[PDB]
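Chemist:
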Amino acid sequence: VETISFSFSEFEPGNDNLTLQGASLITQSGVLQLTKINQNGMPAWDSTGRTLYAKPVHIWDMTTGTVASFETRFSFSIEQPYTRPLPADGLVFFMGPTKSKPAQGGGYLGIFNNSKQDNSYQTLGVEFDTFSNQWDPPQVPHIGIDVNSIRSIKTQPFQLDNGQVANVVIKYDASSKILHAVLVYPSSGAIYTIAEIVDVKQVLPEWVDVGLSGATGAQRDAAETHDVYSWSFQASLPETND
Ligand SMILES: OC[C@H]1O[C@H](O)[C@H](O)[C@@H](O)[C@H]1O
Ligand SMILES: [Ca+2]
Ligand SMILES: [Mn+2]
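Whatever position you read off the sequence shown (first residue = 1), add 26 for UniProt numbering.
#1: Taking 8 angstroms as the limit between beta carbons, can you name the residues of its chain near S262, skipping five residues before and five after?
#2: Is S201 near ligand 3, going by C-beta to nearest heavy atom under 7 angstroms?
#3: Any heavy atom of ligand 1 within a distance shorter than 7 angstroms of the CB on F157?
#4: Rounded to a whole number of angstroms, what is the C-alpha to C-alpha distance between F119 and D268?
#5: With H, G and I counted as helix, E and B as strand and the rest as coil, what does DSSP make of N193?
#6: Run through the stretch 215-246 for me and flag every whole alpha helix (DSSP H) of 4 or more residues, listed as ranges in chain order.
#7: Quick check: what's the CA-CA separation for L209 versus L51?
#8: Would you say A114 and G240 are within 8 angstroms of each other, going by their C-beta atoms?
#9: For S146, does the three-state DSSP call read helix, strand or coil?
#10: Do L205 and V224 count as a contact pair if the criterion is CB distance below 8 angstroms?
#11: To the nearest angstrom, how far is it from the Cα of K180 to the Cα of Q47?
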């Protein structure tokens, strides 16, 4: 069994295990800020940030025909300082081609370029969407499972606990091909669950980069914070199949 795993109970500036892109920055207080926050202390608009684990992950193996199972957990908070103009755009956990660079910002969350369904993206993502785009269901925010498209194959609306910490657990079981995700708000006790069938060998390349990405709106003040406090991941790939 080829296994990989990392756990950041806190983030440290200078940690070479993480690759920061765009506006993503680690504060001295140990918080990962995906999108920029101006000196006046308010979130900046038109900001896109990502953080990738410095090493690629082996998710499936063509030779043996094995697919890995995996689980990731992280804590984040989104503070929407104003009700108007509408806040945007959200954050997303994703897996895609290695050596990837940020894609389009805004409603594309830094991981897509358009709203088309395209295999070439070879990207899987679990979004926490705060703005209702044209391809989106009317309810926001919502959790979404994205497969080679910003247009989700499935969504679950949830209520935002403004500025409160949210706990997320995403698990993928290779044998059943089920990707189940959960979001819990300790502050209010709210529990949200969402699941869908995802055949990662048909979607992702054998080796993938794993990361988090966030973005704020293109309109002035259409912004919010996207803070991550802790993040862990573990993947197990059976090396053989007899
Ligand atoms: O107002 C913010 C809004 O700006 C544009 O409409 C973008 O397409 C959206 O993703 C969102 O960022
Ligand atoms: Ca959206
Ligand atoms: Mn969406």
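Positions of the beta carbon are idealized from the N, C-alpha and C atoms, including for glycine.
Modeler: Short version:
#1: For the purposes of this step, residue 262 is identified with residue 236 of the sequence shown, where counting begins at 1. These residues qualify, in order along the chain: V27, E28, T29, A94, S95 and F96.
#2: Looking up residue 201 in the sequence shown gives position 175. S201 Cβ: outside cutoff for every heavy atom of ligand 3.
#3: One-based indexing of the sequence shown puts residue 157 at position 131. For ligand 1, at least one heavy atom lies less than 7 angstroms from the Cβ of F157.
#4: On the sequence shown, position 93 is the one that residue 119 refers to. On the sequence shown, position 242 is the one that residue 268 refers to. Answer to the nearest angstrom: the Cα atoms are 33 angstroms apart.
#5: Position 167 of the sequence shown holds residue 193. Here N193 sits in strand by DSSP.
#6: 226-229
#7: For the purposes of this step, residue 209 is taken as residue 183 along the sequence shown, with counting starting at 1. For the purposes of this step, residue 51 is taken as residue 25 along the sequence shown, with counting starting at 1. Distance between the alpha carbons of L209 and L51 is about 24 angstroms.
#8: If you number the sequence shown from 1, residue 114 lands on position 88. If you number the sequence shown from 1, residue 240 lands on position 214. Going by C-beta atoms, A114 is not nearer than 8 angstroms to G240.
#9: The residue you call residue 146 lines up with position 120 of the sequence shown. Helix at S146.
#10: For the purposes of this step, residue 224 is identified with residue 198 of the sequence shown, where counting begins at 1. For the purposes of this step, residue 205 is identified with residue 179 of the sequence shown, where counting begins at 1. Yes, these two residues count as a Cβ contact at 8 angstroms.
#11: For the purposes of this step, residue 180 is taken as residue 154 along the sequence shown, with counting starting at 1. For the purposes of this step, residue 47 is taken as residue 21 along the sequence shown, with counting starting at 1. Spanning the two alpha carbons is a distance of roughly 28 angstroms.
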